[PDB]
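Heavy atoms only: backbone and side chains are in, while hydrogens, waters and symmetry mates are out. All residue numbers refer to positions in the sequence shown, counting from 1.
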Amino acid sequence: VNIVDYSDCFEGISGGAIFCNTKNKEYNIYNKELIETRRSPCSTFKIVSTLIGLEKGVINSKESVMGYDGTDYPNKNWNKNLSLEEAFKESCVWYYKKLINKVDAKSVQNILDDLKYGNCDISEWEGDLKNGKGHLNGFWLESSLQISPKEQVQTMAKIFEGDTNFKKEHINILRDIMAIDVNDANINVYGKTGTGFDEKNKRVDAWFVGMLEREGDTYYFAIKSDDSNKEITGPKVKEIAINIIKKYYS
Ligand SMILES: *C(=O)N1C[C@H](NOS(=O)(=O)O)CC[C@H]1C(N)=O
């Protein structure tokens, strides 16, 4: 366990980072207090909800559809019968809400327990209804479910090292749709952003969680901001993450 200083890459934004290589068990941690603090995963939960949907047969491939019903949305790309691959990359909330609402709560509880997914608290299934957004809500979006950056990395490692019961075929679908283009062919980067605002503490929950492959070595990582500036989003934290990878993990 090395405590490290990635602060230059955060360019003044409050946050932390953790990178873990399970072959030689080197944990690199920036801002240990934050890295151990549980927070809502927001859209990073789509990593796990994709696997849940595949395991239960709600979806079957990166092509699979959820039966778009014509509802109007402001994001152009949500207004179509999009595939799993597209819904993941667009972070399409209606697709993943429809997916998860086809699965019984006990099945979800037992999967989260098996993954040690933070507090595994799905008690507020419908999510943070006080924000007014109705069905565009769920337990994983600033609601009952909370996970620390360290636990995210531990979960990613268990999934992608083959240490869960999820089918290898399903793991590989998730790998395919998480792949990121970082304009450097010598590293393979995979991940998912997440964006929320913690109304109680007036801080963002801005995430980028995933994995890095670089010549035999694999690092599992989680980068997280808790800044008070509402302009700090998951996509912004992904840029920070990419800068860290390029500076320190190349
Ligand atoms: C997930 O966090 N959400 C869905 C969507 N994706 O955000 S991302 O660009 O950080 O991946 C928008 C924000 C958020 C939500 N409000 O539901």
I'd like to know if the side chain of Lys192 pairs up with that of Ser43 as donor and acceptor (distance under 3.5 Å, no hydrogens or angles considered).
no

Can a donor-acceptor pair be found between the side chains of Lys76 and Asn79 at a distance below 3.5 Å?
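The criterion, which ignores hydrogens and geometry beyond distance, is not satisfied for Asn79 and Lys76.
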
Flag, side chain of [X] to backbone of [Y], donor-acceptor distance under 3.5 Å:
| X | Y | value |
| --- | --- | --- |
| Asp205 | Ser40 | no |
| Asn21 | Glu26 | no |
| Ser225 | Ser14 | yes |
| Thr37 | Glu33 | yes |
| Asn137 | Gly134 | yes |
| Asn201 | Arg203 | no |
| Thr195 | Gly234 | yes |
| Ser64 | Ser61 | yes |
| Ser83 | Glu86 | yes |
| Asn119 | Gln146 | yes |

Tell me whether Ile29 is reachable from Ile245 by hopping between hydrophobic residues (I, L, V, M, F, W, Y) whose side-chain heavy atoms are closer than 4.5 Å.
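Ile245 and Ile29: separate clusters.
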
Cluster check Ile47, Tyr95: I/L/V/M/F/W/Y, side chain < 4.5 angstrom:
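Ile47 clusters together with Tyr95.
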
All side-chain contact (heavy atoms from CB on, under 4.5 Å) counterparts of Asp163, not counting sequence neighbours:
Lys158, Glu161

Mind checking what makes side-chain contact (heavy atoms from CB on, under 4.5 Å) contact with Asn165, not counting sequence neighbours?
none

Below 6.0 angstrom between ring centroids: does that apply to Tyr68 and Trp78?
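No, the ring of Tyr68 stays outside the 6.0 Å limit from the ring of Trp78, centre to centre.
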
Do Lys46's NZ or CZ and the ring of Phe88 fall within the cation-pi criteria of under 6.0 Å and 45°?
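Checked: cation-pi criterion not met.
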
Atom pair CG/CD1 of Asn243 and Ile223 - distance to nearest 0.5 Å
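The CG atom of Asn243 sits 11.0 Å away from the CD1 atom of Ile223.
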
For [X] versus [Y], what's the shortest heavy-atom pair and its separation?
| X | Y | answer |
| --- | --- | --- |
| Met178 | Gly210 | CE-CA, 4.4 Å |
| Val153 | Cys20 | CG1-CB, 3.6 Å |
| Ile232 | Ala206 | O-CB, 3.7 Å |
| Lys62 | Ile173 | N-CG2, 4.2 Å |

Summary of ring-ring contact (aromatic ring centres under 6.0 Å, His included) pairs that have at least one residue in [range], sequence neighbours excluded:
| range | value |
| --- | --- |
| residues 150-169 | none |
| residues 104-134 | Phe45-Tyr117, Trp125-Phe139 |
| residues 222-250 | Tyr6-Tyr248, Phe19-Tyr249, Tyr219-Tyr249 |
| residues 169-200 | none |

Quick one: which residue pairs count as a salt bridge (charged side-chain N to carboxylate O under 4.0 Å, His left out) with a foot in [range], not counting sequence neighbours?
| range | answer |
| --- | --- |
| residues 142-156 | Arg38-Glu151 |
| residues 87-111 | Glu85-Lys89 |
| residues 229-239 | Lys236-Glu239 |
| residues 117-127 | none |

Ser250: which residues meet the side chain to side chain donor-acceptor pair (under 3.5 Å) condition with it, sequence neighbours left out?
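Result, side chain to side chain donor-acceptor pair (under 3.5 Å) vs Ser250: none returned.
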
Return the set of residues passing salt bridge (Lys or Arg N to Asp or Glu O under 4.0 Å) with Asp128 (not counting sequence neighbours), or none when no residue passes.
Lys130

